[PDB]
Amino acid sequence: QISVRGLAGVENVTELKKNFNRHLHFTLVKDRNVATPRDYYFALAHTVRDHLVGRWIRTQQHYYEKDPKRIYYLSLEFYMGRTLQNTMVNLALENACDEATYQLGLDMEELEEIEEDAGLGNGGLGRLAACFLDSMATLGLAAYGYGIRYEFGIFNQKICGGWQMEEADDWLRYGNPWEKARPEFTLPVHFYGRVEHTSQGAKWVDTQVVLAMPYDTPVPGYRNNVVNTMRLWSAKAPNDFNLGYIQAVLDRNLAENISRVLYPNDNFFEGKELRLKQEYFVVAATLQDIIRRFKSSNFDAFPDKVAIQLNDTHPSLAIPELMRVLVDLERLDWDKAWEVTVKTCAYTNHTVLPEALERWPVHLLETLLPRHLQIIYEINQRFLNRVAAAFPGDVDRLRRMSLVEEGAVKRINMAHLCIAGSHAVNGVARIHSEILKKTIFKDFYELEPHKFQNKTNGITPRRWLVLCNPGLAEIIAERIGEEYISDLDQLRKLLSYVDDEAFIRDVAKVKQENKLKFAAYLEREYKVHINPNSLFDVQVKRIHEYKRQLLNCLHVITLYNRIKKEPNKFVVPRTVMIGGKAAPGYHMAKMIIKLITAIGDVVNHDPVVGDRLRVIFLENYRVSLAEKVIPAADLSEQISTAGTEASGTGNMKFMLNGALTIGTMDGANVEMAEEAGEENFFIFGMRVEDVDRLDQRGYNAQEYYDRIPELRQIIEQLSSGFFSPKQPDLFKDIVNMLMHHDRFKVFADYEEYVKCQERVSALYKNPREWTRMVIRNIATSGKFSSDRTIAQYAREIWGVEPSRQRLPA
Ligand SMILES: O=[N+](O)c1ccc(-c2n[nH]c([C@@H]3O[C@H](CO)[C@@H](O)[C@H](O)[C@H]3O)n2)cc1
Ligand SMILES: O=c1[nH]cnc2c1ncn2[C@@H]1O[C@@H](COP(=O)(O)O)[C@@H](O)[C@H]1O
Ligand SMILES: *Cc1c(COP(=O)(O)O)cnc(C)c1O
């Protein structure tokens with residue numbers, strides 16, 4: 001039907017149908033008479049997978065022969081989502097599969113909905129890793145993603161009586177057709193033990209062994225026949241483990257628990273032993289693989305053939321593990337090993353919130369990884385010797401820069417370790433990289449300014465435009481061709497259509513279709529009833545105080561109170577949608593979810609409001625839900641306190657899909673406004689500098705309560721039980737926090753936020769001008785392609801040249 005989905009040739013369609021029937025019979029062992037939609041999904045997935053295999057084998061063969069520099073992207077999280085559609089898009093098979101399935105009496109869109117998300121991440125960091133893999137393959141880089149195959153990914157969220165409940169995400173129950181187990185490349189990982197010093201150096205002995213078994217998943221590039229590998233490790237006990245008899249076998253679970261479950265803490269550090277085991281497990285297995293591959297061609301050439309990118313500090317143990325292998329096993333002298341390590345490793349920082357920074361207690365490392373602790377101390381002593389030589393007499397600087405933090409509990413600061421041991425350190429948006437140089441890593445920047453870089457984040461336009469919004473992709477392709485899908489800067493050509501009446505109409509029509517489609521999804525799967533002519537005002541992201549879902553709540557109540565005061569005055573109708581998961585132990589985030597649903601309970605059932613205001617909590621926000629709601633959005637809420645959101649990437653997804661943004665000058669919002677023009681963005685609130693000025697005189701929330709009557713009314717409603725008649729004190733923790741210990745200054749941006757929201761509503765009343773502003777946003781979104789981000793990493797950090805060249809088919 002639509003051009004960007006590729007050709008449906010008679011030969012191809014016939015062959016797909018034949019292979020579908022072959023897999024249904026031989027692979028699934030079903031006849032058509034008892035096959036369910038799920039069986040049909042698997043038969044299609046196996047059919048599409050067969051097309052990846054030849055390309056995967058020959059890509060990996062090509063790397064063995066050409067021996068390019070290899071890029072290893074180490075992450076504890078890869079938030080992949082569904083694979084079927086993405087694979088079809090990247091291999092140009094979507095229309096052919098659509099036709100093949102149609103001729104078999106099946107609806108492919110229905111089959112796609114059966115696939116589970118691969119939910120092996122918490123949110124933005126994990127999803128960035130996934131976008132990056134897609135871009136590295138599309139740019140022809142010899143890149144490998146390395147992580148952990150969690151049996152249970154991010155929990156499924158249920159809402160019961162307005163409260164979040166967690167359920168295990170048993171994503172592997174029905175099998176995963178995309179992975180290939182490679183039990184033949186299983187490797188040992190060591191824990192505990194002790195260090196012996198011989199005349200031949202240190203030996204780490206009496207260790208407990210856990211096996212790391214790899215599972216490989218293909219990562220197809222966009223129409224270039226490149227298929228790279230994501231290798232995920234699973235924990236297995238050795239067969240002599242604990243070897244009365246029955247109990248010894250049952251106790252294998254203690255080893256296998258390492259890969260059982262993803263820690264569900266977005267932007268927060270929990271210093272648990274199991275998490276440290278996960279971190280070392282991924283590092284130790286991965287580094288053995290890296291070294292094996294390097295030896296199958298003298299370590300002076302190691303950094304010319306290997307780059308290791310550390311996705312935050314979570315894999316920071318790679319630095320002392322690489323030193324361990326080089327010094328203890330390969331017998332390099334320390335200085336040579338350190339040179340190799342620093343030239344090989346690079347570190348990306350993703351947060352400045354102090355509670356998110358990894359600081360491991362020394363006693364944990366001492367017990368679990370005694371050789372690594374010795375190596376860390378040695379790194380620290382040598383590093384501080386350089387500091388003292390550069391800044392003689394500056395004793396306070398020595399204390400601030402130490403890898404070892406003093407206190408009642410001594411800790412290792414993993415970010416300091418990463419900076420010391422990496423040739424490049426980057427933040428993830430311009431304002432964030434500047435904050436790193438001015439504040440938390442200022443001392444390090446002064447010692448080694450050359451290390452510090454910026455790499456502004458991006459998103460893949462394959463998943464986040466072509467896949468999730470084919471209607472928009474198509475109307476763009478009609479005007480400017482298909483080349484923009486792998487060169488997103490070409491969207492700039494759309495600025496020459498901003499006064500074209502037909503284009504304006506088509507852009508608005510696509511949005512309307514997406515809104516209708518989403519409104520129907522809501523009715524069918526969640527029995528809820530929304531007005532699709534209303535402005536769709538959407539805030540979807542993990543629940544956190546810094547992201548200020550609470551500021552949104554205050555605006556919603558303000559609108560409700562204004563309607564109740566003047567019910568017969570016209571207001572632009574809104575559907576306010578808020579969704580996101582709270583970490584299970586984060587009490588305040590769970591209370592925020594409850595507040596949102598409680599506001600909905602009052603607003604949605606007030607007959608005076610009518611369909612002018614609806615408040616919906618979107619349950620179980622995840623990648624597959626993002627693909628549905630983002631194309632349907634009119635207004636994107638990006639309202640973190642200035643200085644707290646390192647980048648954001650949801651922001652970019654909404655820009656690409658024809659929503660306007662209301663936001664603070666935080667993270668990548670700054671660069672988005674710069675690209676589109678500030679006049680095409682709804683900017684409000686304190687800048688970073690304003691937050692600092694407030695912190696210096698002291699934030700007093702009472703001042704705002706005293707001066708703003710509308711705000712006082714809301715706080716009185718919350719306090720007195722207006723939104724919780726059965727439990728009048730239910731929200732007292734929220735009120736107490738806002739009034740007395742709000743680190744994120746919600747009240748300080750309230751007035752400017754409400755005023756800015758009034759300007760949004762005013763513009764929405766003029767659909768032609770709303771749509772013209774949308775075109776100006778979509779047209780300038782090109783910078784936010786992860787292809788751009790990855791080309792910068794490749795050239796400025798890894799030392800490799802990207803390529804758009806096709807491999808042979
Ligand atoms: O222990 N843990 O399970 C985690 C700890 C920290 C994070 C994290 N830091 N920054 C981001 C996000 O990274 C994203 C990608 O750079 C940014 O866009 C966003 O601003 C930032 O908040 N996540 C995740 C998990
Ligand atoms: O000794 C060899 N002979 C031929 N091909 C090899 C050899 N070793 C590795 N390869 C190729 O590279 C491999 C890719 O897997 P890797 O060993 O995980 O990098 C195989 O799939 C082969 O295509
Ligand atoms: C993009 C995305 C995120 C990140 O959104 P932010 O608004 O940048 O925090 C989180 N979760 C999911 C499922 C995503 O697709």
Side-chain angles (χ1 to χ4, degrees), residues 56-65 67 70 75-77 79-81 117 119 121-132 142 144 154 182 184-185 214 216 229 231 262-272 275 278-279 289-290 292-297 311-314 348-353 355-358 426-429 431-432 455-460 463-464 468 538-544 546-547 579-581 583 618 620-627 629-630 636-640 644-654 663 666-669 786 789:
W56 199 12
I57 288 171
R58 92 178 67 185
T59 301
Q60 301 302 308
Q61 190 77 56
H62 178 80
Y63 299 161
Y64 175 75
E65 291 180 359
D67 196 30
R70 307 290 218 289
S75 186
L76 276 282
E77 304 188 18
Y79 204 163
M80 300 295 284
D117 291 45
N122 274 290
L125 178 145
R127 179 61 230 182
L128 187 77
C131 288
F132 279 9
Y144 303 77
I154 185 65
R182 298 292 198 199
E184 66 275 24
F185 308 134
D216 286 352
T229 294
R231 175 160 282 185
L262 169 80
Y263 274 80
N265 298 321
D266 191 280
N267 265 278
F268 182 75
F269 174 59
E270 205 187 338
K272 301 290 189 185
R275 174 66 173 199
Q278 291 183 334
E279 292 181 349
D289 230 20
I290 287 169
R292 176 192 55 77
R293 212 176 267 119
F294 174 74
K295 287 183 172 177
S296 305
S297 302
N311 199 26
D312 217 79
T313 59
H314 313 151
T348 303
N349 171 278
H350 299 261
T351 188
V352 305
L353 296 178
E355 69 266 27
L357 297 174
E358 297 193 294
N426 75 282
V428 292
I431 192 162
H432 174 239
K455 298 285 163 282
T456 299
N457 281 346
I459 54 170
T460 174
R463 189 171 292 270
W464 297 113
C468 68
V538 182
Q539 189 182 21
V540 289
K541 53 189 69 246
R542 290 290 297 260
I543 310 303
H544 204 297
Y546 88 86
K547 294 174 181 285
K581 285 166 191 183
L618 292 176
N620 207 26
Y621 180 65
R622 62 197 182 284
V623 173
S624 67
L625 193 56
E627 294 168 7
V629 66
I630 291 171
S636 170
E637 298 269 356
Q638 307 295 334
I639 61 178
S640 54
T644 65
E645 189 74 84
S647 176
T649 54
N651 51 3
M652 297 166 194
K653 303 166 194 177
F654 284 96
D666 199 22
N669 296 358
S786 50
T789 307

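Just so you know, these numbers use all the heavy atoms, side chains as well, and skip hydrogens, waters and symmetry mates. Quick note: residue numbers are just sequence positions, from 1. Whatever order the structure lists ligands and atoms in, that order sets their numbers, starting from 1.
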Peer 1: Can you pull out the closest protein heavy atom to atom 14 (C) of ligand 3? Residue, atom name and distance to 0.1 Å, please.
Peer 2: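 For atom 14 (C) of ligand 3, the nearest protein heavy atom comes out as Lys653 NZ, 2.9 Å.
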Peer 1: Looking at atom 21 (C) of ligand 1, what's its closest protein heavy atom, distance included?
Peer 2: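 That would be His350 O, 3.5 Å.
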Peer 1: Quiz question for you: does at least one protein heavy atom lie closer than 4.0 Å to atom 15 (O) of ligand 2?
Peer 2: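 Answer no: nothing from the protein, no heavy atom, is under 4.0 Å.
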Peer 1: May I ask you to check if ligand 1 and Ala356 share an N or O to N or O distance below 3.5 Å?
Peer 2: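 Between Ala356 and ligand 1, no N or O pair is found under 3.5 Å apart.
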Peer 1: Show the atoms of ligand 2 that are less than 4.0 angstrom away from any heavy atom in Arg292.
Peer 2: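 Those atoms are 17 (O), 18 (O).
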Peer 1: Which is closest to atom 23 (O) of ligand 2 in terms of heavy atoms, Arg231, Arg182, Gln60, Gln61?
Peer 2: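 Answer by nearest heavy atom: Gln61.
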Peer 1: Which protein heavy atom lies closest to atom 12 (C) of ligand 3, and at what distance to 0.1 Å?
Peer 2: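 Atom 12 (C) of ligand 3 sits closest to the protein heavy atom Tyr621 CE2, 3.6 Å.
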Peer 1: Which residue and non-hydrogen atom of the protein lie closest to atom 5 (O) of ligand 3, and at what distance in Å?
Peer 2: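 The answer is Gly650 N, 3.6 Å.
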Peer 1: If you measure every N or O of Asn457 against every N or O of ligand 1, does any of those distances drop under 3.5 Å?
Peer 2: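 Checking ligand 1 against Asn457, an N or O pair does fall under 3.5 Å apart.
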Peer 1: So, is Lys547 polar-close to ligand 3, with some N/O to N/O distance under 3.5 Å?
Peer 2: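 Yes; at least one N/O pair falls below 3.5 Å.
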Peer 1: Is atom 21 (O) of ligand 2 close to the protein, meaning a heavy atom under 4.0 Å from it?
Peer 2: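 No, there is none.
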Peer 1: Just to confirm my output: which protein heavy-atom neighbour is closest to atom 19 (C) of ligand 1, and how far is it?
Peer 2: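 Scanning the protein heavy atoms, the shortest distance from atom 19 (C) of ligand 1 goes to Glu645 OE2, 3.3 Å.
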Peer 1: Do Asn669 side-chain atoms and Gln638 backbone N/O form a donor-acceptor pair below 3.5 Å?
Peer 2: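 Present.
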Peer 1: Is atom 2 (C) of ligand 2 in close reach of the protein, with a heavy atom under 4.0 Å away?
Peer 2: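 There is a protein heavy atom less than 4.0 Å from atom 2 (C) of ligand 2.
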Peer 1: Students should be able to answer this: which protein heavy-atom is nearest to atom 24 (C) of ligand 1, and at what distance?
Peer 2: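 Closest protein heavy atom to atom 24 (C) of ligand 1: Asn267 N, 3.7 Å.
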Peer 1: Which pair of heavy atoms, one from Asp67 and one from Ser297, lies closest together, and at what distance?
Peer 2: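 Answer, listing the atom of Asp67 first, then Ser297: OD2-OG, 3.6 Å.
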Peer 1: For ligand 3, which is the ligand I care about here, please tell me if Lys541 has any N or O atom under 3.5 Å from one of the ligand's N or O atoms.
Peer 2: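 So ligand 3 has an N or O lying under 3.5 Å from an N or O of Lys541.
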Peer 1: For ligand 1, is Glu270 a contact, meaning one of its heavy atoms is under 4.0 Å away?
Peer 2: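 The answer is no: ligand 1 sits nowhere under 4.0 Å from a heavy atom of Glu270.
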